[PDB]
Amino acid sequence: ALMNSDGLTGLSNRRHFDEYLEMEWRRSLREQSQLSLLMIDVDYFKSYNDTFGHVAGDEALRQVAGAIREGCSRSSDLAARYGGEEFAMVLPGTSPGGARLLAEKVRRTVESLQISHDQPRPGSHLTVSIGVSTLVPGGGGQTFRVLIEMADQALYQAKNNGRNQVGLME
């Protein structure tokens, strides 16, 4: 077993990520500071594995992890593979605008890989959709997972508005 990382990509694993996110949520709750989150998801990944095989798939995920840690400039940022082709990045102290720009950096860096795909049509390249959320944590029964929920809602927006794009929550 691995304690903090993902075997395939070498990024953080889900458990390590969730724990960090909860600490940062609570930090932001006490500071009343903005906490942003990216949920990043390879487009047409099912088709991709079916057509090119799980080895090709794994190599693609590895390259995407590379794109992702590249966007992971600042020490306080943390990137994980949440599961399958789903990744996550926490961005403490990051405004909606800053979160969105960084997601665009990641999105473009993924396109720069030029990984050939035949979706949405022959001659295409691998892309990611990204949901961005940001919140100043509040009172009552509101856990850190609301931030994930918001990003996942943003992710649906991006996925249903044509993919290869960033969705936004607020």
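One-based numbering along the sequence shown.
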| query | finding |
| --- | --- |
| 99-107 versus 117-125 - which carries the larger mean C-alpha B factor in the record | 117-125 |
| Higher-scoring stretch by recorded Cα B factor average, 56-64 or 134-142 | 134-142 |
| B-factor third for the C-alpha atom of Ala79 within its chain | lowest |
| Position of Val42 among the chain's modelled residues by C-alpha B-factor, lowest, middle or highest third | lowest |
| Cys72 - Cα temperature factor, lowest/middle/highest third of chain | highest |
